[PDB]
Structures are given as structure tokens and as C-alpha cells.
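Protein chains in written order, with the deposited numbering: chain A, 2233 to 2281; chain B, 2282 to 2329; chain C, 2330 to 2386, 2396 to 2426; chain D, 2379 to 2386, 2396 to 2426.
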Amino acid sequence: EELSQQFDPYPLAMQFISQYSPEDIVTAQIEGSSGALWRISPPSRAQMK
Amino acid sequence: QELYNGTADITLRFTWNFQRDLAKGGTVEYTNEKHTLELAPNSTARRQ
Amino acid sequence: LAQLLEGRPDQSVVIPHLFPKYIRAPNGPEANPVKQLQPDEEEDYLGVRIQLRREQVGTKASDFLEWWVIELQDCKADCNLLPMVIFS
Amino acid sequence: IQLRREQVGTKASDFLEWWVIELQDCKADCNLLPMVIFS
């Protein structure tokens, strides 16, 4: 129903959203922070800097 | 301690590898092969 | 990025709308962003921003240990949990 | 190969190290090593 709502005035988007099944779209979440460090050579860090 | 005094051989794998694109075709994608070099117990390159 | 890479935990970034939000993952070898719900091909795709955080443990830049935190160009709640939407 | 330690084994942990590749007798590949492939 949200994808029916959120794309109102675009008819190609309307047909694209109404095309697929309900269970053909998913929403991935991603953690804002890193799961690690920026492990990098200090030479390469200096060159990118 | 292996490179110092491990009295046996030691392998180094040089591993090149490539990956092409897929809409060009090709039914395999991650092509590669290893390559082995052998170093003696306490050899010159072992000392390096 | 220069203010980020100076090693200071204050600054941020601006992204001119790189990150899309609705991506068609096909039954083929190449996923593509939707061109219908997002019709603008450079601007419908939303904006990102990054934060570089250094935690003290370049010599000082080695004693500091750093990582990155992602968010939107104008974050609402995706500074905790960024979203992305795909259709297959 | 070249192993480079940048001071930040205990001393070997305060130093943080990586590797730089080159040829056995490098001419300019100590900056940019080449490799050639044919398909």
C-alpha cells in the first residue's frame, strides 16, 4: 500500500510497482557505523590525503 | 620461528585471478590458478 | 573530505545524490536501479554523508584508530539504520 | 618484497607493518608493477 501511495503521479512507476508480486520486494537495513576499521597503509593514507 | 629454525620446506602460493563480465556470456566467471614456490629449511631467501 | 582526512572528529561530507533507494535486482546477471519510481537518473537517487571517527589508543594518526559511519545527506532516522529497497 | 613498520612483539605491536611489492630487479615497477594477460 505504501508503494501504491508513494509513487502517485508517475504512470510508468505505477505500472512498475503494480507489476511484481507483494513478495518480490525487500528492504535491507544497514548499520550506520562500520563493523571494522579503515585498515590502510599509512603510505596509502598519505597519498589519498 | 618457522623461517628461523623450522627444519622443513615452506610453500608460497602466487595466486593470480581474473573475473570477466557476465552479460557478455561465459558460463564461468572467477577464473584463476595458483603457482607454487618452495623454500628450503634455512635457505638464502629464508634468511632474507 | 579534506576536513575529514585531517584527523578531527567534527566534520562531515556532502554527496551530490549518488545513492539510489529502489533497485531492480533482476533474474539476470546485472542488477539495475529502477528508472520508473526514480525517473531522474541522477537526482531521484538520494544523497549520502559520512563521518570519520578516530579513537585515541601519521604517528598520532596511528595512535588514533578510525572508522566510518554512514548516513543520508539529510538523515531522519537512517543515521542509526540506513535503508535500501530492492525488487526482484 | 619490502616490509615497512610505522611506529604508533610489544614493540612489534607498537610498530604497524605492511608489504610493498616490486621486481627482483625493478626498473619502474617499484611504483606500478605490471602484468599482462590474453584472453
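Backbone N, C-alpha and C define an ideal beta-carbon position, used for all residues, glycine too.
Within a 10 Å sphere around the beta-carbon of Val2258 of chain A sit fewer than 16 other beta-carbons, which makes this residue exposed. No Cβ-Cβ contact shorter than 8 Å links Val2377 of chain C with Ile2424 of chain C. Listed along the chain, the chain A residues whose CB falls inside 7 Å of the CB of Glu2384 of chain D are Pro2274. The segment 2306-2318 of chain B makes no contact with the segment 2334-2353 of chain C, as fewer than three CB pairs between them are under 8 Å. Pairing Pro2243 of chain A with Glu2404 of chain D, the inter-Cα distance amounts to about 57 Å. The closest CA to that of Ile2408 of chain D, considering only D:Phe2402, D:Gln2385, D:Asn2418, is found on D:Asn2418.
The beta carbon of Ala2354 of chain C sits closer than 8 Å to those of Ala2360, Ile2424, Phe2425, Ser2426, all from its chain and outside the five residues before and after it, given in chain order. Only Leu2244, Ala2245, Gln2247, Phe2248, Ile2249, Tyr2252, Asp2256, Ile2257, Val2258, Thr2259, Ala2260, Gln2261, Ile2262, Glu2263, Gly2264, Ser2265, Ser2266, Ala2268, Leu2269, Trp2270 from the segment 2243-2273 of chain A bring a Cβ to less than 8 Å from some Cβ of chain C. In the same chain as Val2386 of chain D, and ignoring 5 residues on each side of it, the C-beta atoms closer than 6 Å to its own belong to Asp2401, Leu2403, in chain order.
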